[PDB]
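Next comes just one chain, in C-alpha cells: the form deposited in one PDB entry.
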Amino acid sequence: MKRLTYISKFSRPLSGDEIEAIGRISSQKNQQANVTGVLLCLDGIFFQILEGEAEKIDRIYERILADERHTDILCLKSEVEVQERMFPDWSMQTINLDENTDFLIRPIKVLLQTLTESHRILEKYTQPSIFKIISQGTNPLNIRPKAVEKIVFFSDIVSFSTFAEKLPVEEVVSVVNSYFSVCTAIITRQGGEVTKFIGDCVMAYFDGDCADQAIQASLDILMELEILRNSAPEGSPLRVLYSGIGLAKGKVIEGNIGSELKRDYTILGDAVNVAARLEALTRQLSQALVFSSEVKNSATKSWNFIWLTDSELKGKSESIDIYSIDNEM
C-alpha cells in the first residue's frame, strides 16, 4: 500500500461549485481505484490525504500534479507500504465556511490557517532537498555526517559590483535572482543540489560519479546565459550577465552543520576550496569553465576537453592539471 499527504495553493480563485466539482470527480475516480482519504479546503489552500495501492496512488497523485487549478504542491509525507487503511471512504470537507464550527472546529481551523501560512513561507527559505527527506519518513536532523565523494560546482557573476553602481537596488537584485534561477533549474535537472548562495555565487554539488552531469550542467548554464543575454530587452542589464564556473572532485563531509537556531545540510572539505579557486581562474582565462583533472578523468563521455597550460594553483598539495571544454571555438 501507500499513503500520500500534500498541501497546495490555489493557482487562481476557485468558486463554491468549482471546488465541489473537484470533490465529485475525485470521489468518482478514487472510488474506482479503491482509494480512500480526505480533501480539506481552507482559504486558498488545499490539503489532501490519499491511500491505496502504490500504482493506483502514483497515477492519481500525478493527475493531481498536472491539475492547473492549484500550484505549489508539496508532498508532506510519502508512506510507502502502509499496513492499515486510515480512512473507510473518501470525501471532501469545506471548512473555510463552517461545517458546525463550535469551540473545537474554530480553534483547530485557525491553527491550520496559521501553521499552513507559516509553513508555506518557511518553504521558500528552505534548501530544496530537505522536504524530500521528510516525506521519506526520515527526519533529516537525525542524519549522521558522513564522508562522501562529490563533484563540487562553483559559479560566480562576472563584475557584479558594477551592476551595483549603475542600477537601482531593485534592479540589481532582479539580475542576481535571474542568475540564480537559471543556474538552479539546470543543476537540479542534471541531478545536482544547489546547497548555498554566497553573494553572487552559486555553490552546488553532484554525486562523485556524476562528472558528466556536472560538465553538462555547466555547459548548459553557459548556453542559457548566452541566450538570455542575446534575447534581453534593449537596455536590459541582463545583456551583460556573465558567469564563470569551476568544478572539482574530492572526499567531503556531508551532514548537518550549524548552530541550534539554524543549521544547513551541506558539505565541508577541500574540494570546495579547489572548485572556488578554479572558478576564480576563469577571470584570467578566455574560458568560462575550468575543472580539475580529477573531474576530467572521472567523466565517461568523449567531451571536447582542452588542457589549459599546466596550472599553478596555490593552497592545495599539487598544482593539478586543469581543463576546460572547447566546442569548436
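The first residue of the shown sequence is 1; numbering continues from there. Heads up, when I say rigid core I mean the largest set of C-alphas that superpose within 1.5 Å between the two forms. Shifts are known only where both forms have a C-alpha.
Keep in mind the form deposited in another entry is missing from the figure; the text below concerns it.
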| query | finding |
| --- | --- |
| Shifted position (C-alpha, 2 Å or more, core held fixed) between this form and the one not shown, chosen from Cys201, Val175, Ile95, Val194 | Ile95 |
| Outcome for the Cα pair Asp98, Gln113 in that other deposited form, compared with this form (closer or farther; change of 3 Å or more) | closer |
| Pairwise C-alpha change, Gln113 versus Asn100, in that other deposited form against this form - closer or farther, 3 angstroms or more | closer |
| Runs in sequence order between this form and the one not shown, three or more residues long, with CA shifts of 2 Å or more on the rigid core | 89 to 103 |
